[PDB]
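Quick heads-up: the structure tokens below are two forms of one chain, split into structure 1 and structure 2.
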Structure 1
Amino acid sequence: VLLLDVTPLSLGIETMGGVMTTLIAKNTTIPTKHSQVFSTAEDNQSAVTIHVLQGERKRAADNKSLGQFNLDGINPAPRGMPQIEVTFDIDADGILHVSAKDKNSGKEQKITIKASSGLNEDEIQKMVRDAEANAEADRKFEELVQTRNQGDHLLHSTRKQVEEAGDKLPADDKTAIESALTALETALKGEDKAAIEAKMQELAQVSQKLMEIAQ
């Protein structure tokens, strides 16, 4: 009632694209416990890395690392099908516990990060500093990462749909679709949002008949 313990910077994890995903927002009163469900980036993926971040920057590399841990024992499945629940728990003593539970396999991996960990009062105000200074550049980096993920989705999603189709797809359409996927997969390698959107345009137009088949 005269003071509060609060988190001075956001706390979350690295997700696909090297983006920070926030679990506990800046200026939250401790104690506190928040959960979110994540999944696997690629097929038959046996493990995830849980990289813990403190900071307000969107690029994971621009935030302070507090540690990372693996959870393995993820049973083979399509990507985005496994449920990896991540929980950030800060108790009254200012300790952050982070868990990852595979909701199928019941398995679990924690890390404990002392109250003393992370950036000091000075480094904090610097971080808030750069966040506002590089809001623009961070917005750009985000909507490129979103584009890259939309592309990747569209790419993997189409390839699967091409196999389930088999003989059902006209040779012509397969030739044209496979060319666009090869060029998208190339574009995804690079940093040029416009060019990824261009290969995503090229696919939509040539894939019209493949889509129909997926019925």
Structure 2
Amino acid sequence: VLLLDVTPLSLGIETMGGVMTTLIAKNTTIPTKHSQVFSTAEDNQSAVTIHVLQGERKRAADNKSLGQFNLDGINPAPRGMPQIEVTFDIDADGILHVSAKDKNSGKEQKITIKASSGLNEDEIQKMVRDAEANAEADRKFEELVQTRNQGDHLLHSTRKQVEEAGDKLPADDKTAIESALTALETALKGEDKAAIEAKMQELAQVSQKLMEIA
């Protein structure tokens, strides 16, 4: 055949740290359906926000928002535990159905997005061009977010571990850990990946006894 219908740009959702994660790649023939299981970004979350995105950039804010919805009623649990199945299905008339369902609670939400939604032909060409011209900066942003998400989880794990080790943790180590936490939290806000990793290292250095308690 010399012609067929595709979805012209990648579709997916925003994940922890403001990244676009793709569920359906650009130029995939329609109809088509793809699912992926996600979890929660922090301990004790009872909801997730599904922000639907069209485009080829790694920063979620640089793609086109198609809409969003919340999935609520998740039993609060340790980060990474809930299994949230997200499904994107585009039918033959180009209408996109996105759903998310929490396996444990059985709660589900969805949205329907009309086929005329999203970017037009010139914006599609520009999105492809801009992704190409900014490829190196986007890979660097993805690397930074990976390191921020690890630093963020180490910040929360450490505070939890300080808690679990009440008085067992010497007073002076608590003080040193707390200062290193502050420094890590500051580095996470910046955009220098090595600086964040360096603060995680410095925190590991004062956490030796904290680790022994575990």
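Residue 1 is the first residue of structure 1, and the numbers go on in sequence order from there. We call the rigid core the largest set of C-alpha positions that still match within 1.5 Å between the two forms.
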- Domain motion between structure 1 and structure 2, two rigid parts; among 88, 108, 144, 67 the one sitting at the hinge is 144
- Query: Which angle, in whole degrees, describes how far the smaller rigid part rotates between structure 1 and structure 2?
  - Reply: 13
- Item | between structure 1 and structure 2, C-alpha offset at residue 45 (rigid core aligned, Å) | 0.4
- Message: After superposing on the rigid core, how much does the Cα of residue 76 shift between structure 1 and structure 2, in Å?
- Response: 1.6
- Note on the structure: Between-form comparison on the rigid core puts the Cα shift of residue 181 between structure 1 and structure 2, in Å, at 3.9
